[PDB]
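A short worksheet on the structure shown next.
Below, read A as the first sequence line, B as the second, and so on, with proteins coming before strands; counting in each chain starts at 1. Atoms considered below: every heavy atom in the structure, side chains included; atoms not considered: hydrogens, waters and symmetry mates.
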4 protein chains.
Amino acid sequence: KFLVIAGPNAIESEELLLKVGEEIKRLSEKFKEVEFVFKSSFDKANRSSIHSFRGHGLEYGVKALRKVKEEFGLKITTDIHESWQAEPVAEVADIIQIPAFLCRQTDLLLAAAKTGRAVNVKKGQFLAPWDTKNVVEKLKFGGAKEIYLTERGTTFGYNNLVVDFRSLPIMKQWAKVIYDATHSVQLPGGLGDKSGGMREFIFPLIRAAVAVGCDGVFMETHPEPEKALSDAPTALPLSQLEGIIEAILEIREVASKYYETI
Amino acid sequence: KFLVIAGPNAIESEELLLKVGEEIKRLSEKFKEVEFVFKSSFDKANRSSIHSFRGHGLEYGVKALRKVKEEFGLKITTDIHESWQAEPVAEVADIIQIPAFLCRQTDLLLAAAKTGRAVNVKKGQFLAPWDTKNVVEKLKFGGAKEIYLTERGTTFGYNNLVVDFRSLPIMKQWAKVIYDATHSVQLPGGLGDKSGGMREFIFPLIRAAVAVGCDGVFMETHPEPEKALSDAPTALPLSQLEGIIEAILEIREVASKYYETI
Amino acid sequence: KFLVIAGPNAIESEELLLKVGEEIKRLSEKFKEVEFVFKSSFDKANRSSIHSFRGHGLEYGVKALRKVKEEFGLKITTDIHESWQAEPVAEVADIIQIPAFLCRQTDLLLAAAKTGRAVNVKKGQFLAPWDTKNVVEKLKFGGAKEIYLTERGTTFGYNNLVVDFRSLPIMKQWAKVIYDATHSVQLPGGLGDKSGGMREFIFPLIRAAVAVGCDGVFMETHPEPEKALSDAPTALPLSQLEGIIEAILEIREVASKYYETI
Amino acid sequence: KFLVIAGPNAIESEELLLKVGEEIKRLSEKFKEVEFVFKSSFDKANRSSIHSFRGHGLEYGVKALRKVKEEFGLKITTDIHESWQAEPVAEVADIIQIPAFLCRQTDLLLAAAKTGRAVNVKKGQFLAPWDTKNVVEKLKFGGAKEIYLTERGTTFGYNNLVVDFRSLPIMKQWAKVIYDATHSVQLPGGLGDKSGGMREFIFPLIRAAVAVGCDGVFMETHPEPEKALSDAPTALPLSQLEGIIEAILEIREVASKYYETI
Ligand SMILES: O=C(O)[C@@](O)(C[C@@H](O)[C@@H](O)[C@H](O)[C@H](O)COP(=O)(O)O)OP(=O)(O)O
Ligand SMILES: O=P(O)(O)OC[C@@H](O)[C@@H](O)[C@H](O)CO
Ligand SMILES: O=P(O)(O)OC[C@@H](O)[C@@H](O)[C@H](O)CO
Ligand SMILES: O=P(O)(O)OC[C@@H](O)[C@@H](O)[C@H](O)CO
């Protein structure tokens, strides 16, 4: 079944996680043919500015995520930034996410693989799609069995990203492919001491992704997007999720017959 | 009414245009909800090598096209390279095509617009999406009424092009958008003396194109791509043209329920 | 000896040409080691906006250029846009310049080559260094003996150019290399319907160019750049030309010892 | 006092370090106007392949570097990859280097600044020159007093980097600037499961850098480049360093007066 990874970008509070988890649960009940994974970062370790919001700590985060998992029965995913975080995070995370800037850090990859959990690596903005085969090679060597590669855009000049959709079938040769719909339209460090984003392109590019063919979509959401303490320019209003999920499934159903084999 | 512009890249010979034109004709009969337009250049005025096939002259070109037109009742389109070719080409071409490298040449556009025919400007590999606004403004000034903007990729490093699908909804603000499925996967000077390409990506990107939303697609075809006198690595096998058309109509029927409003 | 092509971007008035032509003449006598050449276009054939200055016609153009050539004795150079402007323009211009966007237009090259003059091709923003080889091959085929290739930046994302200095030592393998100091720092379409730029980086990159090794510098100047009718943001005040020219000679003096031998 | 940071890329053995160190020591004696810093990584933590050489461990590396410092009295610099490494490395390192892919990891920058040692951040291949201001701001927040920013190229298409020399003047506004002559000509993932490089452009671009104006140069060397355990296609022959350093000082002497005031 198609994978939908969604949640608020950062764990601003567990009240937030619960409110968003409530909607994700409703969506999981409505879309039985979709595997929903709740995502939220316990820490924003790569913010452009030392003044920006980071989070409330790994432990608080794991606790908030566990609360969502137990209250709504949803699978969880969160990212790690240094090797020691793999083990404590694997306690609650079904899927351990590896940040794009850190996609080549061997030890971080081996540490995630060692937990036995699934691993999803965001493709670096500096990495060519063919260069991802080696990334999968490290994770396999380390013992990983469920492996994902996420498309989140490529460096195109300064403060801008372009999505080379050719990367979807190329990467599918070595792993399941996830399309990060929110960060692919993000304009890196575009707002001075923060990054920007163009929400108007989120939906059309998602349509493109499922038309080309991928195994899932990653999309951040928030009850009040403009108020998000991280990635404000990109979060999708909670109410828009249902409509976009519906479109995804409908487009996939008519295009899947044309997806290239192997 | 979806627009499909197809045909052999260059006017290699009468037999070529006729063999393709009849296949195009047959398709125009089966897919009545589509508006077909026959394409073919009478001269490749910008090859890499001085030893590469260019054409059999403008006279032999306008003549060969008139044959396909009067024999199959198909609309016609071909590209002009210098101001003077505007009037003489317009005698057969319903749509005058402006080369990618020339999208900024004021007079060429001005001349094509005066002929009263439809103008289709290919976006330059060096042009940003929002910069097409000035291109449309010129053509209107010159009296053009039916204006098209064609997406054919953007310079991404050396000998490579990427398709920034954000350009479709951006250029649609001031003109109808066509997606060039063949040149968008072309590798500029990829072979030193001649350009290269990756046919394996033509179809997947066409699918993204229509899922995103465009008014039509541009496809170059040939009975045996391998033997094409130019763009051989990008030409689509004439026998695959039907399956592709049917695929996009199916995808378009479903995706159109979601195209944003401009 | 070292080549320095300077002058107003556009022939705004022979008054301007002569005024600048005055200062150039002066520097031409002070730097007997340098080979000066007056440059100016009679028509900006590729402006972004239909409402932007273009010039006063090829007639008034070739006219003013002669007035400067006969009164100051300086060589002249100007750019052609269509094949029919070669023969006529080749009357006053010592070196025929081929615009960047038109660097692959075969007939335009062959046209400038037949006139017997020297041809200076602006390297396309979409062209790789090694691909200029064929550009020269066309000129040699057309009868050109004195061929130049001018580095003027490469497409780096949208509305931005980057100078890949590796190009100097690569293109030098088959033609004399000139570095365009003014347009290498321009921002294409940076002002909406007008191009922008930042003159703050012109001198620094000039030093880089001579340090790396090139045969000449191309830099447009103007009495009051702020009032220029074209490429205003990239015009060097007239009073700074002397200093920059002195700097170039000193750096070339010390660095030439290391230029890689071809 | 121009900074020349040089040494073998990785600590292949304590023996290789003393061999290169003996030479760095010789150069520090011949060029007393230059400040030399010996560099070598105790771990290549971001190799493309799980099969490539990484190193002999932090303990062994710190011991190897301390032997060089003690025996030759040279300053030492090496890079770190996780926060816990800062302190032990600070025991020997005069300058703590931050890898390019990790230039935005807040905790690693803070760990390095907290040691009280100088910090040199390699500018990420995805970072715009102006984005480095926040980098410096994080370092000052962490307590760093001596800060460096190193230019090592920018992502240009796939498997290729380009040096935007406009970054030198830009970054100089916030910190001292170093030009990495070795990695700026590196070709990311170019060799499949390894990276390639164009050594032929190393010297040319170093000349450019000093011509433009920087505070120092970074150059990796090796007695037998072909046999280096990492970045082999970019290591300079140990015997060629002297000639290059001499050229640097010569070009810097003349160019220095033209350096614009920040
Ligand atoms: O030497 C030249 O005149 C010129 O640099 C051409 C240049 O003058 C024009 O391209 C000019 O920069 C352009 O027309 C400005 O466009 P606006 O966006 O309307 O400002 O030669 P190129 O072919 O390298 O661009
Ligand atoms: O501090 P800024 O520039 O907004 O950086 C945003 C990133 O932290 C953010 O995109 C993160 O990578 C994803 O959640
Ligand atoms: O000479 P090559 O590099 O093959 O390209 C020739 C061009 O005329 C051709 O690509 C044209 O632009 C498209 O049909
Ligand atoms: O050959 P590969 O494994 O790609 O290594 C690339 C290097 O740039 C990387 O290991 C590191 O930056 C070395 O200095």
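The existence of a salt bridge linking D:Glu35 and D:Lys75 is confirmed by a sub-4.0 Å separation between a basic side-chain nitrogen and an acidic carboxylate oxygen. Under the 4.0 Å criterion applied to side-chain N and carboxylate O atoms, D:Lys122 and D:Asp79 are not assigned as salt-bridge partners. Between D:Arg66 and D:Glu91 there is no salt bridge, since none of the side-chain N atoms of the basic residue sits less than 4.0 Å from a carboxylate O of the acidic one. A salt bridge links D:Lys39 and D:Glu220; the closest N-O separation between the charged side-chain nitrogens and carboxylate oxygens is under 4.0 Å. We find that A:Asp107 and D:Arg54 are joined by a salt bridge, their nearest charged nitrogen and carboxylate oxygen being less than 4.0 Å apart. D:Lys32 has a carboxylate O that lies under 4.0 Å from a charged side-chain N of D:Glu29, or vice versa, which qualifies the two as a salt bridge. Salt bridge present: D:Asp215 and D:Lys172 bring a charged side-chain N and a carboxylate O closer than 4.0 Å.
Applying the side-chain contact (heavy atoms from CB on, under 4.5 Å) test to D:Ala232 and every residue at least two apart in sequence or in another chain returns D:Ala228. D:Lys69 meets the side-chain contact (heavy atoms from CB on, under 4.5 Å) test with D:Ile76, D:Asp94; sequence neighbours excluded.
Counting heavy atoms from C-beta on, the side chains of A:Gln125 and A:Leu161 come closer than 4.5 Å.
Under the 30°/60° scheme for interplanar angles, the aromatic rings of A:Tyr158 and D:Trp130 are found to stand perpendicular.
Less than 6.0 angstrom separates the ring centroid of D:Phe42 from the ring centroid of D:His81.
Both the sub-6.0 Å distance and the 45° axial angle are satisfied by C:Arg207 relative to the ring of C:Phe203.
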Chi angles and distances behind the ring pair (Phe, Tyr, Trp, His ring centres under 6.0 Å) call for D:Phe126, A:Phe101: CA-CA 9 Å; D:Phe126 45 83; A:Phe101 294 157; 4.1 Å; yes
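The only option from D:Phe218, D:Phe2, D:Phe165 that meets the ring-ring contact (aromatic ring centres under 6.0 Å, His included) definition with D:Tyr179 turns out to be D:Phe165.
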